Structures are given as structure tokens and as C-alpha cells.
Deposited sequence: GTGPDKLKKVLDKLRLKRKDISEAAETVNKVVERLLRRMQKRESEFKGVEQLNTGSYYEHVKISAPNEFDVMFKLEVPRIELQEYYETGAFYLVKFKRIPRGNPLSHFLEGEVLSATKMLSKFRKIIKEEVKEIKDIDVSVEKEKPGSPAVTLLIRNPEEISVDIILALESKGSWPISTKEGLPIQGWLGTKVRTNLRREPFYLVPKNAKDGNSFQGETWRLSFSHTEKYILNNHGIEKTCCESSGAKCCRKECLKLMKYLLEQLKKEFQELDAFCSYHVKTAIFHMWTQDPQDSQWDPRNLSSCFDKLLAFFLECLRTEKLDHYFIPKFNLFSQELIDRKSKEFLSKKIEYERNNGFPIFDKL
């Protein structure tokens, strides 16, 4: 079934162990260098985010996301247009706090430190505009990416654009939501302008992934297992496979699928609506939801409701119809792409 696919996607203990040991060496070293120097990033703290740390990494342990976040007292935001997600922001003297200038110095430091590593085969990938990350390419056994993500940490209440976000009230509840919104919020230097930062809720997304049930015992050793994470794996795999074959899908990414499933988990809050016995129905209903997002050109950021990830401005109508045909096809033919 889709069970055999999940078997293939399942990471191996051996591989996890080998990847993690190399990754931690490099990260531990980068993190130390940010402290030890008369460095403007002294104080930066490490936060592990994304799939591997959410336990929804598929295929291989080869992509790791780490936040190097820095406490910045009493900063003042100004929303960059009515975009909801992008802001100007107001030790760091030489960086309005310019995202690009801060990222550059951060990146310079990392590059320098990477040169000094003689026990691991590791380089710094050429910069992509649009990435807030300094990406490391590690080879030692085989290929592993590590994104080192610079983040400002603010302790204020979250910005107004998120007031109506995180609609978990009927699923995870009001106490969970109030507590989550008492955690700090993050600003990440995302930039295709050079002074614009972007809100990040990776920390919150991680908590949700690991506390995802309406029952406190969902997926615990004295609870019942659900198939919420397995659906997310399957959906991510369908996208990766399609994306590797079709250049038309360059504008799509796994965050789109993650956002979609957060909305489905809200819409279907009950653990019994994600029974492992109903993996197919569950996967199928997720596809149907994703297709509706494509058809209506609408997939709101889960934390920032006015920010449409499927706006015309971000992803072209044709790209959306293209992905629809390809999903509808896979869906109506037993997912041939799951075999390749």
C-alpha cells in the first residue's frame, strides 16, 4: 500500500547516527566561534528546527536546519507594505538594521571557521539570494546539507499580523495557543529589500509537530498512534519526486505542503480522523485539500493569515495548473511516481 512507500522513506538508525555525529561536530564548532571571538554574535544560541528534528525527514538524513538566534532588546518593527510577513527592524552598531549587512558578516565568520576544519569534508555553498541561510555541504560519507539560519529573537508580544494566526483553539486549545504566543518570535534575514527581515515560527512548528494531537497521548507509549506525520511524509515525497522530474515546479517547496497539512489538522482536529487504519482516506483527503488550494490559488500562511503563499505574485497560474494535472494524474493511477 502506501505502507510500503513509508517503509522506503523511513530513515535508518545507522545513517541517522553517522550523519548526526558529523553534523554536530561542525555545528558545535561554528557555535563556539560565534561566542569566543570579540564577535558581534556573542550570545547567539542554537535551536534545531525542520524535518529531521520534527521526525518527518524522509529518504535519508541529509538535510539539517539549525537556527543561530540572538536576543535583541526592545526592537521596533515596521511592516514592509501590507505583506504581513516582512518588516524593517529598528554590539550590532555597524549593521535601520540591515539584514544583508548582518548576514554578510555572519557568513564571513562561518566561511573563515569552515576553512579551519581539517577532519570533515565541508564547504560553504555559493549564496542564493532569497535564502536567509548559510548552507554547508558536507561529504564525509556522502551528501549532507546544513542550513545555518541567522535569527533575531524578540520577547515582545507577536506582531499584529499574527493576531488571527495559529488557529489551534479547537484542536490544541486556548492554553496551548496562549503559551505558544508567550514564547518569543523570530526574524530571519530573507531577501530577494536588503533591510527586510521575515517572521519565522520554526520553533512553534516544531512544538506542533511533536504535540500534534487533540489527546495528550496521541503517539505516546500509553496512547494510540495516528498517521498525521505519515501523511506529511507522503505528501512531501510526492512533491520531491515531481519536483525532481519537472522544472515547471521550481516555485513549489515543502513549506507549501507543511502549511497545507497544518490547515487540514485544524479542519480535522480529532485523532480518530487520522487513524493509521485510514492512511489512504487521510492521504487522499489531503491531496484533495491541496488541489483546492491550487484551484482557488489560496494557501494562507498558518501564522500570518493575510499572506497568501499561492498569490499570483509568488507562483504563476500556469505553474499551479501544471502541478494540479500532475497530482490529479498520480492520484488517479495508483501513484506511479512512488515507484521510481
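**Q** Where along the deposited sequence are residues missing from the model?
**A** Those stretches are 1-5, 96-103, 109-112, 210-215, 364, listed in order.
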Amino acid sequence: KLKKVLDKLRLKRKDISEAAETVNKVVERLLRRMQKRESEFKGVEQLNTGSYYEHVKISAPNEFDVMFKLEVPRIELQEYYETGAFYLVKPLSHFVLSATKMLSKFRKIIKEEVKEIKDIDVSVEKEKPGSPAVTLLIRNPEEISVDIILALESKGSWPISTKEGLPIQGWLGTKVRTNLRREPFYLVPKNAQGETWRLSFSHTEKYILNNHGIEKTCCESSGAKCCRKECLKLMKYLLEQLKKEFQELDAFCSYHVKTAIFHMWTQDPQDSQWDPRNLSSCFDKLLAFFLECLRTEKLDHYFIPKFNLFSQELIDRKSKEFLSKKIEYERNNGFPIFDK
From here on, numbers count along this sequence of modelled residues.
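Throughout, rigid core stands for the largest set of C-alpha atoms superposing within 1.5 Å between the two forms.
**Q** Would you mind working out which of 298-306 and 53-61 sits farther from this form in 7 other deposited structures of this protein by RMS C-alpha distance, with the rigid core as the fit?
**A** Clearly, after the core fit, the stretch farther away in 7 other deposited structures of this protein is 53-61.
**Q** Out of 111-119 and 197-205, which one drifts farther from the shown form in 7 other deposited structures of this protein in terms of CA positions, with the fit done on the rigid core?
**A** Output: 111-119, the stretch lying farther off on average in 7 other deposited structures of this protein.
**Q** Determine, for stretches 296-304 and 32-40, which one has the higher mean CA B-factor as deposited.
**A** Looking at the recorded C-alpha B-factors, 32-40 comes out higher on average.
**Q** Of 68-76 and 157-165, which one has the bigger average CA B-factor?
**A** The entry gives the higher C-alpha B-factor average to 68-76.
**Q** Quick one: which of 210, 178, 267, 140 has the biggest Cα B-factor according to the entry?
**A** By C-alpha B-factor in the record, 140 ranks first.
**Q** Per the coordinate record, which of the options 261, 214, 146, 89 holds the highest CA temperature factor?
**A** Top of the list by C-alpha B-factor: 89.
**Q** Would you mind ranking residue 132 by its C-alpha B-factor against the rest of the chain and naming the third, lowest, middle or highest?
**A** As the PDB entry reports it, the C-alpha B-factor of residue 132 lands in the middle third of its chain.
**Q** Based on the entry's values, in what third of the chain does the Cα temperature factor of residue 197 lie: lowest, middle or highest?
**A** Within its chain, residue 197 is a middle-third residue by C-alpha B-factor, going by the deposited values.
**Q** Taking the entry's C-alpha B-factors for this chain, is residue 115 in the lowest, middle or highest third?
**A** Its C-alpha B-factor belongs to the highest third of this chain's values.
**Q** Can you tell me which third, lowest, middle or highest, the CA B-factor of residue 98 falls into for its chain?
**A** Within its chain, residue 98 is a highest-third residue by C-alpha B-factor, going by the deposited values.
**Q** Going by the recorded CA B-factors, say which third of the chain residue 123 sits in, lowest, middle or highest.
**A** Middle third - that is where residue 123 ends up once the chain's C-alpha B-factors are sorted.
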